[PDB]
Structure formats: structure tokens, C-alpha cells
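A short write-up of the structure that comes next.
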Amino acid sequence: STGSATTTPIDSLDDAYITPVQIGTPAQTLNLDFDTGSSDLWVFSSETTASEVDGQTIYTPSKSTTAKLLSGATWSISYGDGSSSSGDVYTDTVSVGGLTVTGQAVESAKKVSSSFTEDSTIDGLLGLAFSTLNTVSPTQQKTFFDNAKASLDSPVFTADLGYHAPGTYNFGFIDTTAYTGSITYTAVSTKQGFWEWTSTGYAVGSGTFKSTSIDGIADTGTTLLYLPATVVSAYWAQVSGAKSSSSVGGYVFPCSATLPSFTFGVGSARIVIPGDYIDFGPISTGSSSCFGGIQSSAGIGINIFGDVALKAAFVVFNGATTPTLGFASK
């Protein structure tokens, strides 16, 4: 089997991407944030504290003839941006882009933190990291990809995120018309539960390429590109007026600037992030100070190849017995 679904930016800045998911019988369609950095499939629901719901579409398990309470199971998760959610668990039928899993753990939120309530366009998350990170207790549950894997034509999924435009998540096949050149594959460590790999270096604009190992994660659930302070300083030094602002919480730059590109290495291959991808607009409405899309990972404890990086590529998440990651230009 295979699946194919369009993923759409939630706003004009590509702050996140949502993908329609069918849950239950008859289908309840919710728009979920596909997240290769976490491993829980959770949804706003009829159980969510009423005051914490503001415009999201909810899953109501009592209206699904295939829903079953997973007795005694609870979940609770925190994300790197300070947000969190928790609740109980059902199993139900879940379909993405025509690919169906029966008995998928659907984690129903009883509580969500303020930034979820405030994000009316996101109805929940669909985790695509390794199932070892799944938070369900006392019986850990499998991701949608893990449950689907055996049935897929090939044990892979691909992320093709658009810049200011829709893109595609495919399951079970590689669309050879969706990228240019060849796909370069690179080793993955699953020791931390992530799609963790090592970039071979970087360049800033038309500058020379610096060969240096940068360990990090391919994370569709993180908006920006978080790299070591040395790398980030080298980038922003090429933008007149750019500075790290403690009060804002990162590098800002004059909105009048034209940003240089940023290149990262995948083995001997190179992925170029155009400068425009790195502009996240005014820090507040009407400001001429703009927020940068490349930020320091110091204090995160890991480097994160988030959407800013991944949307410059066609990315293969290869879930064979020994997982690997593939990157192509597009």
C-alpha cells in the first residue's frame, strides 16, 4: 500500500504545516501537524477542557463505531517550545492520504497549554519519530508509520514541504518526479529516538564551504533551523545590522535587508536554503526589526534541522531495519 497527502502552511510565514487525517467511522477529519521530532498522535477532542478549545476541530470518540477506550492508558508530553498536552487514549482507524491503519492509538487531550489553544489551525500532532519516544503509559504505543510499515510497498515516508506553498507527505514510495538530481543518503542514529544524523558542513551565501561535522535531527515539527553558536554568528555577520537580542530571544535583522543563502552538507552533496526562507518577518506588527530563521541551539542541547532547512529539500525518512535519511534538491 501507499498514501499521499498534501500539507499546507498554517500562515504566511510557514510557522507550521497541517495535513488532513481521517479518524474513526464515519471519518472525522482533523488537520494535524506531522512531527518527525515526536512520537505521539494526539488530538483535540470532546474530552478537552472546554475553555482550552478555541476554534479547533475536535475528535468525538463516542460518535465513532470503531473507537475503543484503551483501558488505563494515559499520556503527557512537553515540546521544545515550552508547550504541552495530556489525556487518555483510544484505539481507532486512522487514514492518511488513502493509507489506512486499524487499531491506531489516538491520544485524546484532556488538557492543552495556552499556545495550543491559541493556534486555531492545529487540531493535534501526528508523531513520526521512533516509537521509543511515545509517552503512553503503562503500555507504550506505536506511531502511525510504525503500524503501517509492514503493509507499505517500501518502508519509507517522504517530506516535501513548500516555501509559502503547499507540499506533500508520501508513505510507502519515492516520487522520482518530485526532486532534481539524485538522493544522497546518510546514516541515522536512533539512540535518542530521533532521526539524528551528521551534516558534513556549511557555507554562508557565496562563501567557501566549511567542512565540519554537525550532529542534529530532522524535525518537521520545529519551525526554524537551530545550529551551533559559531555557525549562527558566521551567518548573521553577513547581514548589516543583525544582532542577537536577549529581549526578543534570538537574532533579529533589519527588515530592509536581503538575506544571504545558507548551504548545508549531506555527505558530498549540498542543500541550498535561499535567503528569503530565513526571513520570519516583523517581531511585532509594524516593526522594522525582523526575526531570523537561523538561531543558536546553545541551551537546547541538540541541533535541529527544522522546517527552514527541510523545506529546501526532498527528504526521505527510510525506516528499513537500519534506518537512514535521504536528501535531494528540488
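Considering 133, 128, the condition of being out of contact with any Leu (no Cβ under 6 Å at 6 or more places or on another chain), surrounded by 19 or more Cβ atoms within 10 Å (Cβ to Cβ) and closer than 30 Å to residue 71 by Cα is satisfied by 128 alone. Scanning region 109-122 for residues that are of a type in the set (S, T, N, Q) and closer than 26 Å to residue 170 by Cα, which turns out nearest to the chain's Cα centre (by Cα)? Looking at the filtered set, the residue picked out is 121. Applying the criterion of being under 19 Å from residue 21 (Cα atoms) and acidic (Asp, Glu) to the residues of region 85-118, the residue that is surrounded by the fewest Cβ atoms within 10 Å (Cβ to Cβ) is 92. Where strands (runs of 3 or more DSSP E) fall entirely within region 7-74, those with at least 3 residues that are surrounded by fewer than 22 Cβ atoms within 10 Å (Cβ to Cβ) are at 17-23, 28-35. Here is the figure for region 140-159: residues that are surrounded by 21 or more Cβ atoms within 10 Å (Cβ to Cβ) and within 18 Å of residue 327 (Cβ to Cβ) total 4.
Residues that are out of contact with any strand residue (DSSP E or B) (no Cβ under 8 Å at 6 or more places or on another chain) and among the small types (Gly, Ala, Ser) within region 206-224 comprise 206, 207, listed in sequence order. Scanning region 173-186 for any residue that is surrounded by 18 or more Cβ atoms within 10 Å (Cβ to Cβ), touching a residue at least 12 places away in the same chain (Cβ under 8 Å), under 24 Å from residue 77 (Cα atoms) and over 18 Å from the mean Cα position of the chain (by Cα) turns up nothing.
Here residue 122 meets each of (1) within 24 Å of residue 319 (Cα to Cα); (2) outside any strand (DSSP E or B); (3) of a type in the set (A, V, I, L, M) with one exception, condition (1). Per the listing 53, 106, 43, 96, the residue uniquely over 26 Å from residue 171 (Cβ atoms), in contact (Cβ under 8 Å) with a residue 60 or more places away in the chain and not polar (S, T, N, Q) is 53.
Note that we place each Cβ from the backbone using ideal geometry, even for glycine, and neighbour counts take in every protein chain shown. Laboratory data are not the source of any read-out in this text; all were calculated from the coordinates shown.
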